[PDB]
Ligand SMILES: CCCCCCCCCCCCC/C=C/[C@@H](O)[C@H](CO)NC(=O)CCCCCCCCCCCCCCCCCCCCCCC
Ligand SMILES: *Cc1c(COP(=O)(O)O)cnc(C)c1O
């Protein structure tokens, strides 16, 4: 009764199932086609801000919380050291972890631990099925009944809606289970290779536009074990300040020096490049043996892109190298779904190394590295995961191949473009509707990540719990992950959602944000210059037609 | 003696 | 005031933009990789087998060098799937049902969503089967230890590690940012000496708060292949107040009457002998992933602050359901661990008793291991290639220390080619596929020497194994002369 | 098209279903209550700490109002 | 060492980056004003209220910015394990605008408070001593990384 139960699937005679996993399109007027930019750098961002009293109140709240937490810890540890016996020594053995390095987790995070890691079941499609929890002693521990209810999914990475159990990719995986196996043999270098790996590598390399590619069984492992292979301690890495953790771990494992530049600033990047070429290696001042620049196609906490054309300009001018991480861009962005190279019209030959994952927009697992031929041969001879770690299984490869072919237009034609246009319409519609209703929304017009700023620590649990009460699933983030004064809620839009679901979401969001005093949008987020506080019905009526025009999107 | 202290503090500020 | 000054030199002028531009244009970098030695090493890629349209099973059909060679009905002796339980029909039915009721991908990290009930059920089953309190799951086995170990150490802690530990453990030690000392590979006297000196110095230093102390070892070693003495380790870590970290990837499912690991093989209690255990679901359980066993506090802190856990997606559902089914199958009426132990015993007896090869190769594996390793009798190595292990280790360490871009060593390459010639002879003449210990020597930081590798599983008839042993013995004998 | 998703009515629709100025007084009181509650970290605290912060604020307001008169 | 510097540069320190954001300079003034009004609401004579304001603000600033060493969450191997929050501001770069503003505040606070307890030498001496000994000395450029017993 205390442990998570093993739920059983229902009946749902396959029509309700097909409608549950992937909503059927209603009108042909809810699609949108995107256009390239023909190698033109972005304009500077126009990020908005709230009034000054919101920031002051946030600072006061955090001050009070920190004071109370520290007082609690000191008193509890000094006086009643019988219940707090997992933070103190025992017969010479030091405790597992000290009390000060885990302050936030058990003081500020532990009180709202019910907003994170909600158990689910079934396919994470259009509607997700959640398991209800009852909290005791304010999230001290949970107990589970057998009730299960469906919620509208806005949290999982399902951009193109490929996560289902009734399509053709599922059939391909089922066939592969019978044909090959679910068991690998060993490392790719020892016995682990099959013909499916070769086909997948060829198809990925052809899809991206490069010459050769490799596939792995994890994205984190890819990013962690690449730089160790081709870098050293006499090289330099100039990476953005908002990069993923896997890149940081991979760079830390090699030994190279690290310098960071402010996000979305290119004058600083050029200045840093010039200064670091002039200065040389620290304490020895010898020339830098190598310089590598790391960035991301789309940053999945801000929704913004990377200025690829100017990055190419500086790398060609100063003889640097470029590394791009297209985890959130590939498959779900561009006129035909190739990433940021298609968006900016850049030839995919100026980028030295491209990597991504099949987890986000293909409904599978793994990662890939795409580069030129000699680079790929040297890496295949030199990489560690090719020699020591197990290879990826057969069903995952089958699903990835089927999804790549479907998007490429090779099997069941007409589906890939429909998905690519449904997601593009949905993202723009939601962004424009939210910005007109009066909220603060980050990111470019087409990105499927739609941050919505809260700015107050106590509005996170309230928003999350009310939305769950109204049968909507969302994700919220806080100070250790996002700047202290900017805590947000992240929406992830899939191509499996219908406009009706977006309208239902819009009505509930409008009411909740009116109740919680969240409509603090300025005039800086409108194409005119005037602040907007439209009504719900007017915006619902007039947005689906205006969302296809680019003059209404300030950024 | 107050004026001397205040002037010294101003000089320290600068 | 005048007499106090230090005697400086007048400051110089700063550089000019034109000067800066010319200096920047004078600098020339190196290529991303080194294309100098690609061609004399690329035989490894050309000699890698590729099976087609079948599972990786006992009898396969492979090809080499871009479809230019082909061999059919090859006897396989290079597969890490020791138990071969995952290919039976019940596991196939479970996998099919799981794929039909769920998707194929998890679509989200464990922090937000995508942690279904099947994951919790597998964690409960693992903790109950191996006797600990809790466990956590990881995306892949290679990234488990380099994530767990740095989470429990920092600047100011002490690690005492074995002399020959595999690459993932070396990565964990390098990334841990603590102080590391090495004892001598199952020489308990050196371990006792090191612990004695360390604890004496610590008593002398009278620190305010005592640090964390770990002993890092392995169950069955990845390169050598020899068993670890557990009772001595646990006794002296209880005596000197240390923690034990055991990385038993190759022993879970191989050791014990029921294949529950090292602790059952030594008839001990896992909950009080070992503090952290790192396993793998990809070698003996025939699936993908990894896990870590411990107590509740450790597991909670891992969920909170292990990078590879909280910043990576959950692994698919069919893997965890299949692993649970395999755990139940091993719990009821095994017979397969017994078959595997019998086959391994026979193989080691066959390759240890024969004296004809005693002048060329030495067997390093222990009789309980399921993988048999071979070496080249350093006298023979010095005679035929002209070097010993120490010369190679010193050369490579010196190369790493000064950061020399092109690290190519010729005697090592020639020895690798000779071993691959042995393998090619065996495969081409007798239809027997054995493998080579594939390592990247420019990444290693501990002494290591190239070797062979002969694996055994629990789905092979004794006759066939004996015939294959004789055939490979004849191949080594013929190629050595 | 039909699915297995049960919907939740909007609060305005609920008030419409369930039907003087007492409603206006109640809604202004709840507006004040929420405006005071959400801008101070009461969701992130325990019961005793929240109670003590409540009495602290009440005492401050009472003393200030007494001094103003 | 080398690894240490690379670790300290690999990530922006989230423990000490919030200072240069939108509204910290103002929140210092705001909390000063709030403390003043609170002590006024107590009701005692003005000199006691002002000396209490000065002591409370100075002691709070010292206990938060100068007492504790390290970071309240995992950052790296150790990196900033032997540095207080004041020594981490602007990645160990002295006399930046933020440090200048934080240095000026106690002096101007003393100047404003001065004209209320000037008649008492005991309170004047105590206030000056506490101010100059806690709010100006640890923030100086020669007390950086100065560990004593
Ligand atoms: C250690 C056990 C001592 C036992 C005695 C009890 C003392 C407990 C209270 C003081 C504990 C403080 C310990 C250190 C706290 C900070 O440093 C932590 C850890 O670095 N920072 C962080 O978490 C990163 C920054 C987090 C946000 C900080 C900004 C939040 C808003 C502050 C704005 C600046 C406020 C004005 C400056 C300080 C004025 C102090 C006001 C004094 C009146 C109220 C307090 C009585
Ligand atoms: C999600 C993420 C990863 C990790 O991918 P997984 O397959 O989920 O482990 C790597 N890089 C970036 C940029 C990511 O966002």
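Tabulated data for the structure shown
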read-out: Paired Rg and Dmax values of the range A:165-288, which use every Cα atom, in angstrom; value: 20.6, 62
read-out: Förster radius 41 Å - calculated FRET efficiency between residue E:92 and residue A:81 (Cβ-Cβ, nearest 0.05); value: 0.65
read-out: Taking chain C and dividing mean pair separation by its residue count, relative contact order in percent (alpha carbons under 8 Å, at least six apart); value: 20
read-out: Per-residue Cβ neighbour rank within 10 angstrom, fewest leading, A:338, A:126, A:286; value: A:286, A:338, A:126
read-out: Per-residue [θ]222 nm for chain A (sum of -39500 (n - 2.57) over DSSP H runs n ≥ 4, rounded to 500); value: -11500 deg cm²/dmol
read-out: Protection proxy ranking of A:432-439, A:43-50, C:224-231, A:243-250 - average other beta-carbon atoms within 10 Å, highest first; value: A:432-439, A:243-250, C:224-231, A:43-50
read-out: Cα-only radius of gyration and Dmax that characterise the range A:62-213, units Å; value: 25.0, 67
read-out: Rounded, prolate or oblate (a/c below 1.5 giving rounded, otherwise prolate when a/b exceeds b/c) for chain D by Cα gyration tensor; value: oblate
read-out: Peptide A:115-126, shielding by other chains (average Cβ, 10 Å cutoff); value: 5
read-out: Chain C - share of DSSP beta bridges that are antiparallel (%, nearest 5); value: 55
read-out: Packing-based order for A:143-152, C:161-170, using average beta carbon neighbours within 10 Å, highest first; value: C:161-170, A:143-152
read-out: Per-pair calculated FRET efficiency, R0 = 51 Å: residue A:113 and residue E:38 via Cβ, rounded to 0.05; value: 0.90
read-out: Shielding of A:128-140 by partner chains, average beta-carbon count, 10 Å; value: 1
read-out: Residue order, fewest to most surrounding Cβ atoms within 10 angstrom, among C:246, A:258, C:371; value: A:258, C:371, C:246
read-out: Separation in nanometres of the label points that stand 7 Å from Cα toward Cβ, at residue A:14 and residue A:538; value: 5.0
read-out: Per-residue mean of C-beta atoms belonging to partner chains within 10 Å, peptide C:311-323; value: 4
read-out: Nearest-0.05 FRET efficiency for residue A:410 and residue D:22, computed from C-beta distance (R0 45 Å); value: 0.10
read-out: Label-point separation in nm, residue E:67 to residue B:11, each point 7 Å along Cα→Cβ; value: 3.5
read-out: Principal axis box of the range C:230-322, alpha-carbon based, largest edge first, Å; value: 42, 32, 17
read-out: Nearest 10 degrees, 0 to 90: helix E:46-65 Cα axis against chain E principal axis; value: 10
read-out: Cα pair distances exceeding 23 angstrom across the range C:92-245, given as percent; value: 52
read-out: Share antiparallel - DSSP beta bridges, the range A:202-359, percent rounded to 5; value: 5
read-out: Residues D:16, C:270, sorted so that the one with the fewest Cβ neighbours within 10 Å comes first; value: D:16, C:270
read-out: Using distinct alpha-carbon pairs, which all enter the 1/r mean, Kirkwood radius of chain C in Å; value: 25.5
read-out: P(r) tail fraction, chain A - alpha-carbon pairs more than 45 Å apart, %; value: 19
read-out: Using alpha-carbon coordinates, inclination of helix E:121-130 to the longest axis of chain E, degrees; value: 10
read-out: Pairwise label distance in nanometres, residue A:6 with residue C:271, each label 7 Å out on the Cα-Cβ vector; value: 2.3
read-out: Dimensions (Å) - the protein assembly as shown, Cα atoms, principal axes, largest first; value: 108, 89, 70
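Here Cβ is always computed from backbone atoms with ideal geometry, including for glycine, and neighbour counts include all displayed protein chains. Rule-based calculations on the coordinates, nothing more; no lab input.
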